[PDB]
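Taking it in order: structure first as structure tokens, then the write-up.
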Protein chains: 4
Amino acid sequence: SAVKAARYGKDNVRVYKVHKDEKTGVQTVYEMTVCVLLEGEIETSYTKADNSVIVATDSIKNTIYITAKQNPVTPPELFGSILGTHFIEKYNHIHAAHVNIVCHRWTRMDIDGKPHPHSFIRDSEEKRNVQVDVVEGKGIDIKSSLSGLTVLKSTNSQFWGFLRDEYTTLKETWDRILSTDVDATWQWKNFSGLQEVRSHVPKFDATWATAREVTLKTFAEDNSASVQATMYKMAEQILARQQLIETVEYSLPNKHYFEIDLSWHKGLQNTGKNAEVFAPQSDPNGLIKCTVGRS
Amino acid sequence: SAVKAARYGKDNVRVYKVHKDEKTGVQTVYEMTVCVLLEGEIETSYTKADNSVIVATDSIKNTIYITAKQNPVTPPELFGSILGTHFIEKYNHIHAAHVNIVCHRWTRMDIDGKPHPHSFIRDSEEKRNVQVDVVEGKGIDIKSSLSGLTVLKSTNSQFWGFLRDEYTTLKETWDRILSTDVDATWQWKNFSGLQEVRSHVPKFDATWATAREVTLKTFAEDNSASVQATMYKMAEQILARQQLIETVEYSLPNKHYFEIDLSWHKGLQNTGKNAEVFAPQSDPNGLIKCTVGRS
Amino acid sequence: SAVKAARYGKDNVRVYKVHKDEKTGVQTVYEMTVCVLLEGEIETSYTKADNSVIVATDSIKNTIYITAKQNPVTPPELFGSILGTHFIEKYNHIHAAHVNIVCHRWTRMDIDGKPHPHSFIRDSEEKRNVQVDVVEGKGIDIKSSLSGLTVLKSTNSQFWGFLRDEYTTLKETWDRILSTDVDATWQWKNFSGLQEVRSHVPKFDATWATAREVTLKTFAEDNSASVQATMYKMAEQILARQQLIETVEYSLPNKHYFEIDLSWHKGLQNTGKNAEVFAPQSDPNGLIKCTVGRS
Amino acid sequence: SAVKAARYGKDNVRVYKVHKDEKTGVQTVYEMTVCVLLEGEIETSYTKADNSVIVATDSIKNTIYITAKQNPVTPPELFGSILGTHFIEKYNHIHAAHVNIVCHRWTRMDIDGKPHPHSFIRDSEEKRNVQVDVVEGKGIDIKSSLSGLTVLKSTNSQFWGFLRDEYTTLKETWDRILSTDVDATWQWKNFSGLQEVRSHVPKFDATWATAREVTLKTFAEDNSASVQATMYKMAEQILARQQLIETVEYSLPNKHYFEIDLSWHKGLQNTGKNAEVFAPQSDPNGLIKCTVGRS
Ligand SMILES: O=c1[nH]c(=O)c2nn[nH]c2[nH]1
Ligand SMILES: O=c1[nH]c(=O)c2nn[nH]c2[nH]1
Ligand SMILES: O=c1[nH]c(=O)c2nn[nH]c2[nH]1
Ligand SMILES: O=c1[nH]c(=O)c2nn[nH]c2[nH]1
Ligand code: NA
Ligand code: NA
Ligand code: NA
Ligand code: NA
């Protein structure tokens, strides 16, 4: 037998960092969960019990903390690039590093209309994420994403004109609830190394903000013909606004809210134009995906 | 043997309701999870297989939907009172109804600085809850709460002067991170019935808003001597602002963020005044509770 | 204002202990999650920022580890009694200790038909729990439980003869699926102190085993008239088998599996006697509770 | 812009099926969670609001139920192949179907030493899974797996001889706890179609059983030099026992149990050879992966 692929490292490394502005007293906090997996000339640890090639996972953990102490942790695209580059440069036999970062929200509190200098709220379980693959000789590949953005619109969603056959019971509709949890990923053009990543630093936060804004505005304003049609419009707009993105991927569940026929009870009307009370369905759910690129 | 206590009903009933203003086009959505448990002269269903005394749990579910169709679902204190009263009035042998409601956030989206008429975001997993106990002959007891409000302050928290003995390793500190998930409950004076609950309807939303505001402002502004001391200040202020509340209860975890000594690595300084990178701890956690009432 | 109640301590303390038999080489492992909350003359920590009365939660954590090192951790009723007694005896101003223990399963593996001396499997998320309340002057109150025991029977469950009115749509049935997650609690007679708890040590494991056996056998064998009727039979039998138990409480969800009418598709018959494929429902669920005591 | 990839369908479809042996009275239950995603000539649903190419996700759900009614649901490799083949044969414009099945445990209860004919227990959250990709013109690709198998050994695990540099604090050890959650996947050779899958039906359950047995026996018996070395031995043995498997992949977390130094308290010895009480760590965790194939 032979090792066809192998990677190993440390997952679920929770990290907090504070920045203190000595002039103003304002403090800013960052909290992340980090995973680093390494690849390289490590097969003999599997086949021959040769631990000499293993950078211990505990040491990977220490390295995450040290790197966060010595470098900016924002934007996460930069921090993940620094962290990944470290492993391939430090260890001759390590040839790829895969860094995943989940950023948690700590939003500054407003107290009496004023931003508070050192108090924060978790205002959403929405995350901002990065996946950074640093491969020796092949540069740095970055996928940025937002996830856990949960939205609902109560009208201006339709679904008609779909295929009807002997397996079909769904009725066409011109007015339904649309609710989803948005997972959106933008893949950057390959970067040659850390100097090129640093040269683009301003674009990372700006592109995250644009992706979020486009997602929310398009969801709210589109008189949606389907999840498919609405998500394509979102992706097109993101590509138009940032030329350094190569592809945009969306993964959207369709979280169903069913009408409840109450006509058996005193003729109560609660369907169609009279629908007011609905039953949210926990499962099953539709799942719609698309990857959009340039022509 | 004998039945000393019994209650039964339906849990995890998900309910959505939409209100449509025909004049303006503005729609407003409400989403809740409801549990109703009944008590009364039901022991023979347990002891003698006598199902004639059972209002089926499926029928309880139907009743929740019908009641939501025919009545306001907000404030939840009112809806829960209507729902509980229904069971004790409709069924002669049912003498108590226990209604728990969890309200989920659907906050109206702002698009280009304007509130959108029919699009919403789940802006927090914070919940607004009610527990309503309707007992025949004894009125209506309401406990209102907020839960899942997660906050952090990066300084202006201290903890010194605690008991030190042979079990103690904790160092005194004059500057630490304080983070918690707030669970706050206010218990209303007993109401005689639905007419009295209706007479106080404006106070329910106002008191929830006050409880939230006091919690956030006190957390942000107090130079905290302990979780205990800060939570007592919150409770006092809520009692001062609403005379119809009898008690306020807080349950606060102390979610620890530990310093990381990096001095073993090239003498890096990351403790005390030099602490920048911390390790959030998933467990264990402190748990601090208090119930405050009037003198 | 005044403090009406207060308790504080440490939650989610994970503990593992190994026992090694030097004669045989056999090792046995125990893993628990422990919470300890204290009460006593502690109000001034809340009202006056007086930390001198606070046994730090970190010290409570240390005490859990030390107590586990120096004492048996099984049965959990004994360990929780030792731990709770420690706090009220050590600290003059602490007058009650509330200890909750969740025991996790590590079942010895059988390899080639033989029990392995040091390898274990988590064979269920079923838990064995204890709640121990040690109150100065009032002895030791112990509630023992099992939870997370998930069962299903595919026939020999009925539900007919329930109340039918204008809120009822449920059809009577003489053959349905019954599935639940069992939470069963037995409350021991009050014990005067640790000497009396020790005197009854053999009864704790034996009574847990009996409660589990009775639950499973009664569920499997009863031609159930309702959840209510079946759970009462379980409780009666436990009380009959252990005279030192005062009450038994069951809390059972009714986890619904719905028939799927497929007759719209080529006349396929999948209801009633022809039902083979069902839709498990995640929510809502029935919730049935009873507490049974002696006459 | 252009659609580079697209797939859509229904997730989290819960399905139960019962088989009743009329001769013996014995009933057997199966419960699964199914996801089906389709690909094909569907881009215009995204780009042009053309729903005529959409087989509605609701219809996919109906098809899962109908297919389960008309066909065996075990082994899951067969059921997933039937389900996937259905979509590519029924719909000319659908060219791939991706079927994921999670099988939940319902193990027959033993009551008084005898297997009960119709009562079952969820004896583990361990799952048996399949991923079946049916691609028009390219056959059927099946990946079978087990997941959620949680094990611990209290000794006979070592970890020494790893790389030591300025980032390393971990001490070498010759005796530690090893605990993990096993995720093991075996990838079958490509099958030409449903006839070939049916021809191999007996091998599916047998290979699952072998994979489980090899995993448990190797974990229990290996005096482990590292997670890496132990998992490679498991994979080699599975490949040796089933020639129709092309690769085996393991993904193993290293769930750390830390020693607790108690020497600060009365010189208590709880490290090294005296270690009895340990602190299980919820995070971070090591994560070790390998894919093994033939030479
Ligand atoms: O937007 C939708 N897309 C779909 O593919 C679908 N199928 N059922 N409902 C649906 N709604
Ligand atoms: O605010 C705090 N209260 C406590 O009771 C405590 N114990 N350890 N740390 C603590 N912090
Ligand atoms: O066993 C049952 N008990 C109940 O109270 C009930 N209500 N609906 N179905 C039920 N099944
Ligand atoms: O088995 C192990 N493998 C590793 O790669 C490792 N790193 N720290 N500890 C470890 N244990
Ligand atoms: Na390298
Ligand atoms: Na009544
Ligand atoms: Na005392
Ligand atoms: Na086809």
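Counting starts at 1 for both ligands and their atoms, following the listed order. Numbered from 1 within each chain, the chains take letters A, B, ... in sequence-line order.
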Can D:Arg14 and A:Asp283 be counted as an ion pair, charged N to O under 4.0 angstrom? no
Tell me the angle that O of D:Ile94 and OE1 of D:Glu136 form around the Na ion (ligand 8), rounded to 10°. 80°
Mark up the atoms of ligand 2 that fall under 4.0 Å of a heavy atom belonging to [X], in ascending order.
{"X": "B:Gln228", "answer": "1 (O), 2 (C), 3 (N), 4 (C), 5 (O)"}
{"X": "C:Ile54", "answer": "5 (O)"}
{"X": "B:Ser226", "answer": "1 (O)"}
{"X": "C:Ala56", "answer": "7 (N), 8 (N)"}

Taking 4.0 Å as the limit for heavy-atom contacts, which would you say applies to A:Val227 with ligand 1: side chain only, backbone only, both, or neither? both
Counting backbone and side chain alike, does D:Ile88 bring an N/O/S atom below 3.0 Å of the Na ion (ligand 8)? yes
Can you tell me if C:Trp264 has over 12 outside heavy atoms packed within less than 6.0 Å of its CH2? yes
Purely on distance, is any nitrogen or oxygen of D:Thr57 under 3.5 Å from one on ligand 1? yes
Using distance alone, decide if ligand 1 has a nitrogen or oxygen within less than 3.5 Å of any nitrogen or oxygen in A:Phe159. no
Axial cation check for B:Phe120 ring with A:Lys153, 6.0 Å and 45° limits: no
Does B:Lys289 make a cation-pi contact with C:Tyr8, if we ask for NZ or CZ under 6.0 Å from the ring centre and within 45° of the axis? no
Among all protein heavy atoms, pick out the one at the shortest distance from atom 11 (N) of ligand 1; state its residue, atom name and that distance to 0.1 Å. A:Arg176 NH1, 3.0 Å
D:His86 ring center near A:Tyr167 ring center (under 6.0 Å): yes
Ring centroid separation A:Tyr16 to B:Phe278 under 6.0 Å: yes
Would a distance-only check, ignoring hydrogens and angles, find a side-chain to backbone donor-acceptor pair under 3.5 Å from B:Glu172 to B:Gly161? yes
With under 30° as parallel and over 60° as perpendicular, where do the rings of A:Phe159 and A:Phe162 fit, or are they tilted in between? parallel
Go through ligand 1 atom by atom and flag the ones less than 4.0 Å from a non-hydrogen atom of A:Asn254. 2 (C), 10 (C), 11 (N)
